[PDB]
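Visitor: Protein chains in written order, with the authors' numbering: chain L, 1 to 149; chain K, 1 to 148; chain A, 1 to 149; chain B, 1 to 148.
Protein chains: 4
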Amino acid sequence: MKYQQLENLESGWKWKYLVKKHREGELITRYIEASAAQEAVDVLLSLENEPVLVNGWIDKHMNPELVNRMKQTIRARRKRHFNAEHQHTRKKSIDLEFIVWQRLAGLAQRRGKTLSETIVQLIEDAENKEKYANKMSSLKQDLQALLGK
Amino acid sequence: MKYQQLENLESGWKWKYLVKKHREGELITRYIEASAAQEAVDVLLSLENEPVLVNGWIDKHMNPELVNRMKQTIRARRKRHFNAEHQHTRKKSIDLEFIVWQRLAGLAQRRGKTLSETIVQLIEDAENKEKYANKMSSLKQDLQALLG
Amino acid sequence: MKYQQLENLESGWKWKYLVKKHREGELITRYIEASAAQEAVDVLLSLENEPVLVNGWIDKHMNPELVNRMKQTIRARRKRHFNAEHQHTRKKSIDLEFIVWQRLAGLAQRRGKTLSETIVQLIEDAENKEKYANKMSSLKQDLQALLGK
Amino acid sequence: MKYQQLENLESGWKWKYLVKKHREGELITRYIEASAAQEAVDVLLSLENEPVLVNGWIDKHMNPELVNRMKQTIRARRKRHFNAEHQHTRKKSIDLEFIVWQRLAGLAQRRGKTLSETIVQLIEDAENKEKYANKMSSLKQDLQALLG
DNA sequence: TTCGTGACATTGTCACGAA
DNA sequence: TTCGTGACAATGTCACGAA
DNA sequence: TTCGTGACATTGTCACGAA
DNA sequence: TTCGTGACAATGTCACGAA
Numbered sequence: 001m002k003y004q005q006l007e008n009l010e011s012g013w014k015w016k017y018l019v020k021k022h023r024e025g026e027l028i029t030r031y032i033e034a035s036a037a038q039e040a041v042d043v044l045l046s047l048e049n050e051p052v053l054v055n056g057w058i059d060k061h062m063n064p065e066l067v068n069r070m071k072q073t074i075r076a077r078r079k080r081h082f083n084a085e086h087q088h089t090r091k092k093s094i095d096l097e098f099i100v101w102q103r104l105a106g107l108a109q110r111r112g113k114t115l116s117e118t119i120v121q122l123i124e125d126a127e128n129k130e131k132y133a134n135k136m137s138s139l140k141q142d143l144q145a146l147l148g149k
Numbered sequence: 001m002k003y004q005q006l007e008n009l010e011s012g013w014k015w016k017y018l019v020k021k022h023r024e025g026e027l028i029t030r031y032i033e034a035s036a037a038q039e040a041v042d043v044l045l046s047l048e049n050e051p052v053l054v055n056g057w058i059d060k061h062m063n064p065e066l067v068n069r070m071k072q073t074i075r076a077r078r079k080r081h082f083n084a085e086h087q088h089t090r091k092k093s094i095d096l097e098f099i100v101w102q103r104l105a106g107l108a109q110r111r112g113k114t115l116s117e118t119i120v121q122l123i124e125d126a127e128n129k130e131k132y133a134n135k136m137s138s139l140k141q142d143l144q145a146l147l148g
Numbered sequence: 001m002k003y004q005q006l007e008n009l010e011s012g013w014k015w016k017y018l019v020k021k022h023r024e025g026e027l028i029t030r031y032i033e034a035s036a037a038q039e040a041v042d043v044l045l046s047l048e049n050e051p052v053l054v055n056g057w058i059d060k061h062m063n064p065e066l067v068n069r070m071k072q073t074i075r076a077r078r079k080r081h082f083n084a085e086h087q088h089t090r091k092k093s094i095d096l097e098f099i100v101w102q103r104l105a106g107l108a109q110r111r112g113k114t115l116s117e118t119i120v121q122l123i124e125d126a127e128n129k130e131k132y133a134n135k136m137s138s139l140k141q142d143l144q145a146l147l148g149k
Numbered sequence: 001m002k003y004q005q006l007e008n009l010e011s012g013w014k015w016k017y018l019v020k021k022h023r024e025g026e027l028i029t030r031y032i033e034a035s036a037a038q039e040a041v042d043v044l045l046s047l048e049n050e051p052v053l054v055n056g057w058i059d060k061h062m063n064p065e066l067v068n069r070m071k072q073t074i075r076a077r078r079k080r081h082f083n084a085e086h087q088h089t090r091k092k093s094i095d096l097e098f099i100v101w102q103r104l105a106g107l108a109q110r111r112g113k114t115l116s117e118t119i120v121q122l123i124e125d126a127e128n129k130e131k132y133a134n135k136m137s138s139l140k141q142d143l144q145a146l147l148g
């Protein structure tokens with residue numbers, strides 16, 4: 001755990017979680033009835049401006065099989081923040097032709113390495129071609145003259 | 001255009017659109033007062049089963065701040081469909097590191113070509129360097145052998 | 001022929017011929033009996049200083065059987081003389097061991113060319129040893145500084 | 001001394017010599033006189049076959065101008081004899097041109113080798129060159145097998 | 001001094017190719 | 001046949017170097 | 001089990017070169 | 001205008017190997 005915790009906002013974060021889903025429709029509560037669950041819908045809706053008070057509610061009305069989906073989504077956004085505190089870590093997304101990907105990826109999984117470097121190497125292996133064209137050609141074209149003189 | 005329209009469903013999306021955005025907080029409505037605008041929410045949040053009418057709702061009810069944002073976001077949800085059919089047309093998202101991007105994009109910036117052209121051109125040439133190190137490796141292997 | 005003839009002088013050495021050979025122990029006359037044969041001898045030595053005389057003498061008197069041996073021994077001196085003049089013209093001999101003679105003499109009957117010339121080449125190519133003794137030592141170094149890069 | 005000096009023939013040998021130079025025109029007597037010469041001539045010429053005779057014939061009766069001339073010419077014939085046997089020790093002479101002799105004799109007299117040997121050592125080198133140009137044809141050729 | 005030895009000069013045939 | 005020509009043969013010397 | 005993290009999926013945007 | 005389109009932003013999971 002290289003990224004510290006922030007009880008304050010890190011809690012309000014989870015709050016947004018039980019919202020972004022409840023909106024599109026997804027059993028937030030750990031109950032089955034649409035009577036006991038519906039009730040809980042408001043039991044939290046009011047905790048808007050309510051910090052750590054949010055945690056009090058997890059042990060109360062929080063669907064178990066969600067604890068997984070959440071942790072995974074939390075840590076994620078958790079890293080993005082700290083990583084956004086500068087540039088080198090700030091990641092960016094890219095869209096390219098399918099077939100292209102297939103190669104790349106297939107080259108990442110086959111070239112015992114991760115995408116990143118795999119892209120870093122595929123580059124160095126390119127700019128080197130220029131001086132490798134002649135480097136191999138010179139040692140070959142300069143000797144062609146030995147056949148006679 | 002390269003793709004044709006589907007009035008029946010096409011408009012369908014927009015619906016799915018105005019709702020969505022609304023669900024998150026937005027005045028899809030062309031009005032303001034918590035009344036008239038309020039009605040136009042339910043008045044539209046119903047054409048679900050008969051979306052072939054949403055269009056006539058957008059032409060004289062939807063907030064104009066979204067006319068463009070839509071024609072775009074839709075025209076996209078359109079291409080995104082037809083390509084999602086086959087495989088060669090499909091697409092894929094990647095998440096590479098900052099540093100890389102610079103150099104990477106940078107190259108694509110100096111050549112101008114597609115950001116994908118970069119992976120082709122880099123694989124195509126950077127792979128031809130993996131070639132001369134082979135013709136220069138099998139050569140230094142049969143050159144010195146005969147010699148000593 | 002090629003050279004010239006010395007009517008007077010050449011009869012000179014020509015004379016010494018039957019002479020130096022007669023005292024050696026051989027028949028110069030064509031008379032089996034020691035009466036006419038011995039007569040010719042005495043009559044011969046008297047010509048100690050006569051040219052043309054020796055000519056007619058050889059005719060009626062000398063043994064026309066060794067003639068050939070003479071025409072050969074005489075022709076030689078014709079040549080050994082005009083040649084012995086200038087240096088590059090004078091011929092000279094040497095004693096070589098059999099072993100060595102073999103190869104050499106045997107390279108003449110194969111290559112065809114004269115014995116002398118034979119040595120002329122044997123030498124040139126030989127002396128040229130360094131010329132190609134270096135081409136290798138040299139040409140071969142050009143490949144070493146390459147294979148190791 | 002390596003050659004067993006067999007007084008038997010070697011003596012008779014001298015004879016032919018004293019006889020030869022005689023038939024040519026040279027004194028074979030220590031006599032300061034003409035006539036006195038007719039003595040040795042026939043006196044010795046009759047020794048057609050005299051061992052110990054012709055021998056002492058010298059210490060007591062023979063020209064002095066030939067004392068060394070003989071001791072040496074004799075050694076020659078002597079060596080020629082034991083040598084006449086096997087061809088691997090006997091010899092032959094050559095008639096070569098002057099100019100050739102020069103270069104030849106030169107290197108020979110120079111390198112500090114015997115005339116005969118000179119040729120031998122010179123032949124080896126005369127072949128190496130003819131051999132070195134060969135390895136050139138193999139290497140020069142094995143370069144285009146692959147290269148051009 | 002004697003001797004083994006290498007370098008030539010001499011001088012003589014011998015079998016040949018082009019007058 | 002006639003010759004210039006080349007390959008060796010044979011035999012004597014000479015100046016050296018080790019005995 | 002809790003993390004960090006990398007591989008990707010959806011879906012919204014907007015300048016752009018023709019059409 | 002209207003399309004097709006490409007570079008990224010936001011962010012929600014999932015199955016990994018070290019803690």
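Ideal placement from N, C-alpha and C gives every residue a C-beta, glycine not left out.
1. I'd like to know whether the C-beta atoms of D142/A and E130/B end up nearer to each other than 7 Å.
2. Mind pulling the chain K residues with CB within less than 9 Å of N128/L?
3. Going by Cα to Cα distance, which pick from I74/K, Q5/K, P64/K is closest to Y17/K?
4. Output, in chain order, the set of chain K residues within a Cβ distance shorter than 8 Å of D142/B.
5. Would you decide whether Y132/K is buried or exposed? Buried here means 16 or more other CB atoms lie within 10 Å of its CB.
6. For the alpha helix (DSSP H) containing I123/A, name the first residue and the last one.
7. By how many angstroms is the C-alpha of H81/L removed from the C-alpha of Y3/L?
8. Which residues of the stretch 93–104 of chain L have a Cβ closer than 7 Å to any Cβ of chain K? Give them in chain order.
9. Taking all protein chains shown into account, decide if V100/L is buried (16 or more other Cβ within 10 angstroms of its Cβ) or exposed.
10. In three-state DSSP terms, what is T29/K?
11. Do you know how far the Cα of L96/K is from the Cα of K92/L?
12. Output needed for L47/A: all residues of its chain with C-beta closer than 8 Å, excluding positions within five of it in sequence on either side, in chain order.
13. What residues from the stretch 110–121 of chain K come within 7 Å of chain L, judged by C-beta to C-beta, listed N to C?
14. Would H22/L pass as an interface residue toward chain K - the criterion being a Cβ-Cβ separation below 7 Å?
15. Which bits of chain L does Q5/K rub up against, with CB to CB less than 7 Å?
16. What are the start and end residues of the beta strand (DSSP E) that includes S11/L?
17. Checking the sheet assignment: what are the DSSP bridge partners for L96/A?
18. Say whether chain A places a C-beta atom closer than 7 Å to the C-beta of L107/L.
19. The alpha helix (DSSP H) with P64/K in it runs from where to where?
20. Does DSSP put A105/K in a helix, in a strand, or in coil?
21. Among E85/L, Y31/L, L45/L, which has the Cα closest to the Cα of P64/L?
22. Shortest alpha-carbon distance to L104/B belongs to which of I94/A, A108/A, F98/A?
23. How should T114/A be labelled, buried or exposed, when 16 other C-beta atoms within 10 angstroms of its C-beta is the threshold for buried?
24. Is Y132/B helix, strand or coil by DSSP?
25. In angstroms with no decimal places, state the Cα-to-Cα distance between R111/B and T118/B.
26. Do you know how far the Cα of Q87/A is from the Cα of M136/B?
27. Does any CB atom of chain B fall closer than 7 Å to the CB of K71/A?
28. For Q87/L, which three-state DSSP category applies?
29. My output table needs one value for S46/B: the three-state DSSP class, helix, strand or coil.
30. Given this structure, state the Cα-to-Cα distance separating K60/L from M70/L, to the nearest angstrom.
31. When the cut-off is 7 Å and only beta carbons count, does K91/B lie next to chain A?
32. Chain L beta carbons: is any one of them nearer than 7 Å to that of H81/K?
33. Would you say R78/A and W13/A are within 7 Å of each other, going by their C-beta atoms?
34. To which residues of the same chain is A37/B closer than 7 Å at the C-beta, ignoring the five residues directly before and after it?
35. Between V41/A and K20/B, what straight-line distance do the alpha-carbon atoms span, to the nearest angstrom?
Guide: Taking the definition as stated:
1. no
2. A126, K129, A133
3. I74/K
4. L146
5. buried
6. 115–127
7. 10 Å
8. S93, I94, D95, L96, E97, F98, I99, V100, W101, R103, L104
9. buried
10. strand
11. 6 Å
12. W15, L53, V54, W57
13. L115, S116, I119, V120
14. no
15. Near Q5/K there are no residues of chain L at all, since even the closest Cβ is about 24 Å away, more than 7 Å.
16. Careful: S11/L lies outside any beta strand (DSSP E), inside the alpha helix (DSSP H) at 7–20.
17. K92/B
18. no
19. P64/K -> no alpha helix (DSSP H), and no H or E assigned at all.
20. helix
21. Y31/L
22. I94/A
23. exposed
24. helix
25. 8 Å
26. 41 Å
27. no
28. coil
29. coil
30. 16 Å
31. yes
32. no
33. no
34. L27, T29, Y31
35. 20 Å
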